[PDB]
Every structure is written in C-alpha cells, then in structure tokens.
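Only one structure is covered here, and it is reproduced in the block below.
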Amino acid sequence: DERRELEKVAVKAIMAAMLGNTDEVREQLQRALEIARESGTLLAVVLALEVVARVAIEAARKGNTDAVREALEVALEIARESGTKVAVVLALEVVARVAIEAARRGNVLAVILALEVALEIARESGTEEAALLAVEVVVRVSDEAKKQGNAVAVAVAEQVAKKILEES
Amino acid sequence: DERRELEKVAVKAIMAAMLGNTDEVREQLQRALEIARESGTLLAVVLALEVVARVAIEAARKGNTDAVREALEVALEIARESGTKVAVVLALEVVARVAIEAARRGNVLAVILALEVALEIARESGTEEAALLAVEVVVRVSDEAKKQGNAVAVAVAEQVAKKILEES
Amino acid sequence: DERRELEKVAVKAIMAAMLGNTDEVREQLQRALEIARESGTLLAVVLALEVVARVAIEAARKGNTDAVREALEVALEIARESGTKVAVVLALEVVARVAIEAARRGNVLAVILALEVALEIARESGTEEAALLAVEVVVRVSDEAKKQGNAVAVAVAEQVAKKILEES
Amino acid sequence: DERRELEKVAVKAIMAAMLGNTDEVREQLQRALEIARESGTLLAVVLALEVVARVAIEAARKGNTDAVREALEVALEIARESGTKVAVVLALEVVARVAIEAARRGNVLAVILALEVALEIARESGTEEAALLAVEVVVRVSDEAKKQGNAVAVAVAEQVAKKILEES
Amino acid sequence: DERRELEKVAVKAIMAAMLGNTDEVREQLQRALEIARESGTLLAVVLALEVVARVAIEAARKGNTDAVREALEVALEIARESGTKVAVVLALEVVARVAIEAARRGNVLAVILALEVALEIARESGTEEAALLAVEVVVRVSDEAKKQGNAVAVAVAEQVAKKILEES
Amino acid sequence: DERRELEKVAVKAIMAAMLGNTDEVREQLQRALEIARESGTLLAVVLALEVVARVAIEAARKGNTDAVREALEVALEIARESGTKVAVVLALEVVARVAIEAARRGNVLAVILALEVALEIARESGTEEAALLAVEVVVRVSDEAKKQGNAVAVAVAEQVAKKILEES
Amino acid sequence: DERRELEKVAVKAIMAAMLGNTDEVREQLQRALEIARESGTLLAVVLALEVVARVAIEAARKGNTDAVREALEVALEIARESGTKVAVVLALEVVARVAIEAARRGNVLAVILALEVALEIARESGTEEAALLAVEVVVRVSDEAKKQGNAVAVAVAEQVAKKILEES
Amino acid sequence: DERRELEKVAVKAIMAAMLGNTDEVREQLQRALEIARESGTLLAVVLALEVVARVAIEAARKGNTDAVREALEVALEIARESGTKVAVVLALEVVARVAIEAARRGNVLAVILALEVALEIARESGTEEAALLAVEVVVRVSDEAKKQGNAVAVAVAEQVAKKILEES
Amino acid sequence: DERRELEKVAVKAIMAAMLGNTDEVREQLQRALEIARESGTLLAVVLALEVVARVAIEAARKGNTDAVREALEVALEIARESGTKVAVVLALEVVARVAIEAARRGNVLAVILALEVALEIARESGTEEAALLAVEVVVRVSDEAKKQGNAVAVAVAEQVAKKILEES
C-alpha cells in the first residue's frame, strides 16, 4: 500500500514542483517522510528517498529553488531518523543526483542548496566514510559543472570542498 | 514433453518480463511450478529452476522489479516443495545469479529482493549448510557490487550479512 | 558485377528518396530485389538488404514515408524469398536501423511502418526466435524514442509490443 | 528576511531605472550593498549581485547610463568587500550580462561602462584568472556586437582587449 | 604574397559588387583566377575560392545579378582547372553559400544562377559524388527557401532537382 | 622555475591567441622554445609542448590561423632540436589534438596547417614509425571530420594520406 | 634479408590497408607471396603468413573488405604452394585471427570472407584434420560473435558449420 | 595506536589529494614518515608505505602531479631510512602500483615521476636485485601502457629502461 | 672469480634480453663463451651453459627471438669447443629447457630456433647417442606443446622429428 501511497505523494509533489506550488510540495514531502516513519522498513525509506529525489530533480529543472530546498531537507531528515548507514548513503546519492541535474541546467541556487546538505550530512554523521562520500559528491558536481561551463557551480563546489577539508 | 512445455513457459515468461507484463509473468511462473510439481523428478525441478532463473535475469536487466520478485518467490516455493537439499542449493544458486546480474545493472530493487530470498531460504531451511551458502551468496553479490561501484548493493549486502549473522 | 549493379541502384534510389520521387524509388528497389533473386547467393542478399537499408534511412531522415514503406516491403520480400534464417535476421536488423533513425528524427510514420514490418516478419516466420528478435527491435526503438522525447514513437512501440505479446 | 528586503530594494531600484530616477537608483543600490555587508554570507552576496544585475539590465534597455554606472560600481564594491573569488567571478558575470544586453540595444555608453568595470576588476584582482575571465567577457561582448551590427561596441571591445593585453 | 594580392583583389571586387560595377568585378575575379593558376597550390585555390565566395555573397545581398554570375563562373573555372576533387567540393560549397544567402534576400536571379552552376559542376564532373553533393546543395537551398517563404526559390530548387534526377 | 616561467608564457600566449595578436603569440612561443632549449630535460620539452598545444587549441577555436601556424612550427622545431623519439611522438600528438579541435570547429585552415606539419614530421624523421604515426594522426582527423560533417577536412585528410602514401 | 624485405612489404601493405588503397595492398601481398616462393623455407612461409595476418587484421579493423579478401587469398595460395601441413595449419590460424578481430569490430564482410577461406582450405586440403581445424575456427568465431553480440557473424558461422558438416 | 594514527593520516592525505591541497598532502605524508620513524618496526614501515601508496594512487587518478611526487619522495625516504631490503622492495612495489594506475588514466606526469623514483631506488640501493626489480617495474608499466594505448608512457618506460641499462 | 665474472655477465645479459638489446646480449654471451674458453674446466663450461640457459629462457618469455638465437648459438659453440660428451649433453638440455619454456609462452620462433639447434647438435656430433637425445628433446617439446595447445609448436616438433629420422 505504501508504494501506492508514495505513488500518490510523488504525483502530487512533482506536479507542485512543476507549478511553483511551494505549499503543496512542502505538505506532500512531509507525508513522504511520515510514510517512511510509519512503515519502519528500509524498503520504505528507499522508496521515500526515491520520491524525494524525483521531486527535487523536477524542481531543479524548473528553477524551483524552494522545492529543491524542501526536498533536500526531507532527505536530510530521513537520513537523521532512519538510524542506518544505508539511509545516509542513499540520502547523499539523492543530493548528488539533484546537484548534477542542477549543474546541467544552470541552476546555481540548487547546486548551492544540494552541496550545503551534503556538507550537513557529513557534519552530522560523524563518520569518516560520510566525509569521504560527501567529498565524492562535491567532486562529481565539480566535474559536471566544468563539463557544462557552469562557472558558478565550479566555484561553489570548490568552496564546499574547502569547507569540508578545513572543518571535517 | 515437460522440457518442451517448460520451453513454451520460458518463452512466454521471458517475453513478458521484457515488456513489463506482470500478470503474464506471474501466470507462466505458476505453470513452471506446477510442471515441476506434476513431474515428480529432480530433473524437472532443475529445468523449472533454470526457467525461473532466465526469467529473473531478463527482468533484472530490464528494471522489472515485479517479475524478479515473482520469479524468486517461485524459486523459494520450488525449494519448499521439492523436499531435497539439491533443490535448496539450486534455488540459492538462482538467487545468486539474479543478484549478481542486478548488481551489474544498477538494479538495487532486484539486489534487495534476491538477498531477502537468500535470507528466507536460510531461515526456513534450518540447516547450517544453507546459512553458510546464503552467506556465500551475500559475499558474491558484495564482491560484484564493489567491482561495479554499486554502493547501494554493497550496503544492502552488508545489511543482509549482519541480519543472517545476528539471527541465524 | 552485382556489387556495381547494386551500387548503381543504390545511387539512384537514394537520390530518389531525397527528392520525393516515389516512382523511381519503387522501380530501383524492385531491381535490387531482382538482383538478389538472380544472384542466388547470401552475399547478394546481404548487399541488397544493405542497399534497402541505406535508402530507407535516407528516406526516414527526409520525411519520405512512401520510400520507407517501399523499402521495408522489399526487405520483407527478400526475407520471404531467400529461404534462410540469416536473411530474416538481416531484414529485422534493417527494420531496427530504420526505426531507430526515424525515432531520432521525429518521423512517426516511419516508426509505425518499420514496427509493422517487424511484426509481419515475426507473424510470417513462425519461429520463436523471430518473435524474440522482433520484440528486441521494439525495445530498441522504445529506448531510442524515450531518449529523444518522441512520445508518439514510445506509444507506437508499446502498441506493437502488446500486439506481438497477445497474438504471437 | 534579507531575500524579502532585497526583493523590496530590487522592485524600487528597477522602477527607478525605468524612470530615470538616478537618486533613487543610487540609494537603493547602496542598500543592496549594505544588506550583503550585514548578512555576511555568500548567499546574500549572490542575491545582492543578482539584484544589481537586474537593475543594470533594465537600465541598459532604457538608455539609463547613470543607473548602469551606479549598478556596476556597486558590483565592483561587492567584489572588493566580499573577500572571495566566487564574488569576483559573479561580479564579472554581472558585467558580461549587462554589456551583452547593452550591445543588443545599441547602448554604447553601457557597453563602455561595463567593459571598463571588467578592466577594473582584472586590474584590482591581481590574479591571472581574473584577467583571463575579463578577456572572455570582452570576447563575448565583441561576438554579440558583431552579431547585432553594433560597430561602436565592436570597437570598444577591441580597445579594452588591447588595454588588458598591454597593461595586465 | 598571394594572400595579400588576393586581399587586394577581394577588397576591390567586393566594393565593385556593392556599386554595380560589373566591369571591375569581372576584371578582379579574372585576377583571382590567375593568382590561383600561377600559385599552383591547393591553399591558393582555397583562398581564391573564398574571395569568390565573399564577392558573390555581397553581390547576392545587393541584387547584383551580373556579379553573382561572374563570380560563380570563376568558381566553376577554378573547379575545372585545379584538377582535384577538393577544388570541386569547395566550389560546390561556394555555390551553396551564395544560393542560401540569395534565398534569404529574395534574390531569385542569384538562386537560379547558383543552382545552374551546381548543375553544371555535377554535369561536368562525371562523378557520382558530385551529383550527390549537388543534390545536397539543392536540398539546402530548398530548405532555406521554405524557411524564408521564398516560393520562387523553392520552385527553382525543385526544377533543378528534377533536372539532375532526370539527366544525371 | 621553468614551470612557472612556462606558466607566464602560456598565459600571455593564450591571451594573445584569443585577441589576434600574432606578434605576441610569435614572441611568447619563441620563449617557450628557448626555455626547452635552456633546460635540457625531457620534462621541460613535455611542458613546452603542452604550452604550445594549449595555445594552438585556443587559436584553432578562435579562427586564429596565424597562431596555429606559429605554434605548430614551434612544435616542429622542438621535435627537431630535442634529439629524442619521445619528443617527436609528443609533437605528433600536439598536432593531432590541434587538428581534431579544428575539425570540430570548422577551422579548415588549421586542419590544413596541422596535417602539413604531421607530413613534415614524417618527412624529416626518416623513421617508419613516424610515418605510421602520422598516418594515424590523419586517420583520427578524418574520423572526426566525418563525424562533424566537415567535408573540407575530410578531403584535406584524404589528400595528405595520399601524399604520405605516395612519397613516404 | 627476407625478413627486412618482408618488413618493407608489411609496412607498405598495412599503410595501404589503413587508407583503402586496394591496388597497393594487392601488389604488396603478391610480393610477400613471391618472397615466400623464392626463399624455399618454412621460416619464410611463417614470416610471410605473419605479414598477411597483420595486413588483414588492420584491414578488418578499418572496414577494408577488399584488403581482407586479398590478404586471405594470399594466405590460401601460400597454403596451396608450400606443400606442408604446417603451412596449412598456419594459414587456418591466420584466418581465425582475422575472423575473430572482424567479429569484434562488427565487420560482417570480413567474417564472411574469412570463414569462406576456412571452408576452401578444408575443401582443398582433403585431410580429416583440416576439416576438424576448420570447424574449430568456425566455433572460435561463433564464440566471439556471441560474446560481442554480433548476430550476423553468429549466423554466418552457423551457415559455414552447416556447409562443412554437409559437404566435407 | 600507530595503525589508528596512520588511519587518520591516510584519511586526511587522501582527501587532500582529491582536492589539490598540496600543502596538506605534504604535511600528512611527513607525518606518516615520522610515525614509521618513531615506531621502529617493519610492520609500521609496511603500514606507512601502504598509506603512501593509497594517497599516490588517488592522486594519480585525479591528475594531482604534486601529490604523486610528494608521496613517492616519501616512499623513497622510507626506503632510505628503514635499513632493510624488505622496505626497498615494498617501496618499489608502491612505485609500480602508482605507475600502473597512472598509465591506465593517461597521467603521463605520474608515470614519469614514478619511473624516475624507480630509477633512483635502483641507483641508490647499489644492489643487483634492486636494478633487476626496477627493470621489472619498468616492464610492468610498459605492458600496461601498451595495453591502454598510452604512447607517452610506453616511450617514457623505454627511456627509463635505456637509462637503467646504460648507467646501472 | 669466474663464477663472479659469469655472475656479472648473467646479470647484464638477462637485463639485455628483457629490454630487446640484441647488441648487449650478443656481447655478453660472447664473454660467457670466452670465460669458458679461458677457464679450461668442465665446471666453467657448466656455469657458462647455465648462464646461457637463463638468458635464453628470459628471452623466450619476452618474445626476444634474437636473444634466443644468439644464446643457443653460443650453447652450440660451447658444445663444439669443449671436446666432451658431457658438454654436448648439457647443451642439449639447455636447448630442451628453452624450447619447453617457449612452447608454454606461445613463442613459436623460439621453439623453431631451439629445435633447429637440437638438430644441428645431432648432425655435428656424429654419435648415435646425440641423435637419440635430440629425438628425446623433440618429444619433450611436442608433449609440452600438446599440453598447452600450441599447434604451431606441435607441427614444428613433428617436422624436426621427421628430418632427424630421414637424415640422421
């Protein structure tokens, strides 16, 4: 049922991200979080994070900075609440996919937001592995930004790399 | 005749797995199970499990999560109904082949489904050997996932290894 | 000599496909068929099918629906008359190449025509392998159409897949 | 709040640039600078530079030479005060966008003003990269001016290129 | 030196094409031909054909039918005298560029003249490739003429296509 | 120090290639040559050839035929003066990279210049291996030119291949 | 000396195979044959067959069907003229290496040509061993073609296997 | 404790090698050296050399020439200070692994740097065995470079082989 | 001292065989011969033949046909000059070891060269025992070649067996 419920949520949230309906994106992502919460399985976490990813990618394509921010905050919270390394790794992969799409589209706000959430996951996780993976996310985004000629995103990635390297 | 019958079933089920026709995959796999049931030989069990494997591998290549799930449930049932250790070992090898193909293709759902069936075979078998073989399946899938850079599958394999090690 | 003769035919037919000269495309493709007929070798069949492919690809690029249709009918007839599995497989590869080029160009008529000939080759061949290969052609065309954002072609491929799956 | 504050500033400054209200454009741009100053974040710098860009682009469309000058001086000061390479790069992109719009509109004063600020950013930055980027700005403006038949702007770009090449 | 000599010729011929000075265009193009003749290199042929192209394009923009005709006759002669396939291909590209500019400008005489020279290059070359390339020139000119709503040029291109297809 | 010196030279030469400053490109490339000369190491040769490559690639992107010519003459001289096979191979790779970039950009002059230097390296080297590598350069440039639809470059590559094959 | 002579021949023939120079490939391979003829040793036969192999492999990589055909005809003639089983076995190994490279490259003509020469060696040799080895060549080529997904080559290998099995 | 200390060093140094932070890579590698120094065991030497290897491999993958150089200098110093043949052999294996990774990645600087350190280990060791092993390193790198088509690295390996063979 | 001298020679010759340095292999093997000559003992002959064997084995592993040939010629000369049956038997064992290693490595040239030297030792020795031992060498090489699937070497061994059997 959760899959079908998450399907409803995904549909509504994606359409809201396409239209600039921040209120509806916020409400639907909160429901994805609650479904993951209520289900108590990694499979539900995975599905919810996939919904969050799809919403954020659509938002990144549209210049919908609010929806990217809302979605990645919910990925961060799913990573906080799940209590597993797998959820943290999956959240970082969501952040990477969103940031890469943003870099391709000239969406500098979404690159900034995504990389800040990568930094926050590394800061809160307190594992060496999460720091390493966050640096790998930053490198992937830098590579894409160089390829696309997105100088703002190259600079943002360098800034976040420096911050992780100084503060981790 | 069974071979030719299983040949028909294989053809139809593989084509259904390629097209996302969950209803037809389900029906055809049920018929493979029934043929193994009616034949009453290990050779028929072997052939049916090979059909199941081929269907699940094709599904794993295509992102057809439903068909992978349906196929591996039928492998599990063939392992339950056959009453031989050989059938259990063959079912575990099917699960390994499917999970390895899934790991190569980035099919994280199919890796999860396959490893869960490995865990269920170990849980239901109540033999030390089945636990050992299931752990060997998990290791093979982990190795492949590391080789392919499929971090989701590495994490899933670690999770299932931990579960078998805690609960077996 | 046949190669040089097929060279003449190719030149004239391609130029006719570029110009919307249906009458000349028809006449030249009939001569390619007759050369394959007169030669009585697989090498001549291969060469004639390559000529047919080149003509149909050029037609697909130009929106020349008549020439795509004429060319693929001649591929079908070469597959009917040759009496070999190799000719049938080569004809299906011609159909795939044409349909893929059409999908890339927004040529929905040519996608429809090509996939209908794939279906007819599967229907007339009466082999399991031809059905499997035709389904593989449909999948390749679907993949390309998704990649290019050609929703008409995605839908056409789904329709033909369904038909093969129901009627084969 | 800053975003909303910068929103107010943007609204007032753009309307002032449309009306030839130099005094109000000056006052509002000073407030954008002060908001960036008070906030102490790169995100605030980015937002303030976007406001400056929008004001200068509107001014360039209207023949409002004073407002283009005022706006680009504030971009220069934001680049001076921020203490980051990212702010310098963003300021140069503002200058490029304004100069390109000016070239399209026959606004030779705004092209001159913009390219002079590019030159000043390169002169003050003391980095090779800023010189390279400034030359890239000049090239982009030259390209646009050639495309639009704006011979004054082509000549101005050549003059500034020569100056950077002699003096850098 | 030839480059500088061809530079002088280009300057004088372009200015003559702008002013309707048929006598001077004729004399200067004859000198470009003679320079290519005297130099005995492909590089000189390339440069002379570029001069011819620039003169003919300027003429096509101005309604200077005489100068387009004179220039394309000299391209034809350079293609005749050079003894290389490369010169023939370059001459056909000159003809295409001139015909495309003419189609954009409503210069129906220049389209006719250019396409007739394409036809003559195909007729005199006696290679299949030159016929194919000439047909490609006609298609490019047809495409441009359709885009610009130049019905005379669409009709002329169709006429020349038909002639090449009947007589080649 | 040489690296930093070559860094200065690179910066100045690239900027000169972007601006059409033939005199400065010439002077800076002469200094790269002299640095390689003074250093007396293969590492210095490698670095100087990399500078030459970067300058020529930038020139090829800009239509700066003079700078491509100047740069490749200096690569040729570095290959002449170094006295090693490694320097000759590196010079040929520079020529290939420049010619490939030129083919992608429609820069037919730069393709011609580059392939002529490949031919001169093969002519002067008097080794079979240099002839083979030069032919491989021509093939790579032909492949790229076919891919990009740069018929002038395809023809030029064929001409140079023929010359090497006749005269080597 | 022969080695050095065969070295010259190899160099010229390989370069000709890379360039589509059928006339030169033909002439050089005839000279390899004549050197083997004049030398009267198995070592010279071995060296000549190695030259032939290298030429045919390069041709197979390039789509040079003429050169593959010419080269394998010369291997066949060396097998005919040498009067030893060793020469026949070496010729069959040449054919296998060429056909395998062709299968890897999608060069269906070269697979066909190579397998036809395997068939002709088996037909002319009149030994059981040559038939067995030819069938082993066909199997090796089939295996490679299956591995690479070269369905044309799989079908061609099956056809030739059938022919050897029916007619040997 | 040393293992955990070397773990910290490894983490920081690898992340620094990924980011182009030469200063931090230098500092961390100096600490690995000092830990090996302070510990006074072969096990500590082995662990430190493994850290150095991991850092240099990551650097070689990233184009971080400075970090490869710094790391291999520290391997050389560990080989100098340890006073055992085992440390020298382990240092040479580090150099080989780094050079092989560099050859695979097109990192010609890192191949050069690595092979120069192999040469220096052979020069300083004054044992026949170290010369033999260094030649084996060069051969392994040559083999890999040939396999990957890295002609620069093949040439560099040949140069270093020649130098060892002349000067050892 | 001779042992140490032969040690130097071995080191230099092996390294030369690894690098393709035919001139140095030739010179060093000549010195091994001269040491055996100067020493006048069977122990020196044994040591020199062991050096020759090691050099030839290394060459056979590397595809260094020249060095295998040079080394086995020196074994032949040591067998000619020593004046003892023991030296002849030891030379034949060297030839066998080299040919066996070559058979394992696919080094058909080295198998041919080695077996030809076995034949020459049998031809020059004029003893029945040397013929018998040479036939035993050929059998050992045939056995190894069959085991490794080296059909060229099997055929070469059969040829040499036939020659010894006809001509001995």
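Pairs linking a residue in region C:109-130 that is in contact (Cβ under 8 Å) with a residue 60 or more places away in the chain and under 23 Å from residue C:150 (Cα atoms) to a residue that is surrounded by 17 or more Cβ atoms within 10 Å (Cβ to Cβ) and not polar (S, T, N, Q), with Cβ atoms under 8 Å and 6 or more positions apart or on different chains, do not occur.
Can you say whether residue G:50 is more than 14 Å from chain F (Cβ to nearest Cβ), under 14 Å from the mean Cα position of the chain (by Cα) and surrounded by fewer than 22 Cβ atoms within 10 Å (Cβ to Cβ), as far as the supplied structure shows? Judged against the criteria, residue G:50 is a match. Scanning region G:1-42 for residues that are more than 11 Å from every other protein chain (Cβ to nearest Cβ), part of a loop (DSSP other than H, G, I, E, B) and buried (at least 22 other Cβ atoms within 10 Å of the Cβ) yields no hits at all.
Filtered by the rule that a residue be crowded, with 24+ Cβ neighbours inside 10 Å, small (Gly, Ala, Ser) and within 17 Å of residue F:33 (Cα to Cα), region F:81-125 gives a lone residue, F:91. Residue I:119 meets each of the listed conditions (1) touching an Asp or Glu at 6+ places or on another chain (Cβ under 9 Å); (2) under 26 Å from residue H:142 (Cβ atoms); (3) within 14 Å of chain G (Cβ to nearest Cβ) apart from (2). A single entry from E:93, E:144 fulfils the requirement of being of a type in the set (D, E, K, R) and within 14 Å of the chain's Cα centre (by Cα): E:93. Residue check: residue B:145 meets all listed conditions (1) more than 25 Å from residue B:30 (Cα to Cα); (2) surrounded by fewer than 24 Cβ atoms within 10 Å (Cβ to Cβ); (3) in contact (Cβ under 8 Å) with a residue 12 or more places away in the chain but one, namely (2). Considering region D:122-138, and only residues there that are within 16 Å of the chain's Cα centre (by Cα) and among the β-branched types (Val, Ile, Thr), the residue that is farthest from the other protein chains (Cβ to nearest Cβ) turns out to be D:137. Every listed requirement among (1) over 13 Å from the mean Cα position of the chain (by Cα); (2) within 14 Å of chain F (Cβ to nearest Cβ); (3) within 23 Å of residue H:48 (Cβ to Cβ) is met by residue H:110 save one, (1). Sub-9 Å Cβ pairs linking a first residue in region C:78-90 that is more than 12 Å from chain G (Cβ to nearest Cβ) and in contact (Cβ under 8 Å) with a residue 12 or more places away in the chain to a second residue that is in a helix (DSSP H, G or I) and among the basic types (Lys, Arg), at least 6 apart or interchain, are C:78/C:37; C:81/C:37, ordered by first then second residue.
The set of residues in region C:24-47 being small (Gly, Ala, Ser) and either in contact with a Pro (Cβ under 8 Å, 6 or more places away or on another chain) or in contact (Cβ under 8 Å) with a residue 12 or more places away in the chain (or both) consists of C:32, C:36, C:39, C:44.
When region F:139-168 is limited to residues that are more than 25 Å from residue F:106 (Cβ to Cβ) and of a type outside the set (A, V, I, L, M), the one that is farthest from the other protein chains (Cβ to nearest Cβ) turns out to be F:167.
Each reported figure results from applying straightforward, stated rules to the coordinates on display, with no laboratory input. When we count neighbours, we look across all protein chains shown, and the Cβ atoms used for this are built from the backbone with ideal geometry, even at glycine.
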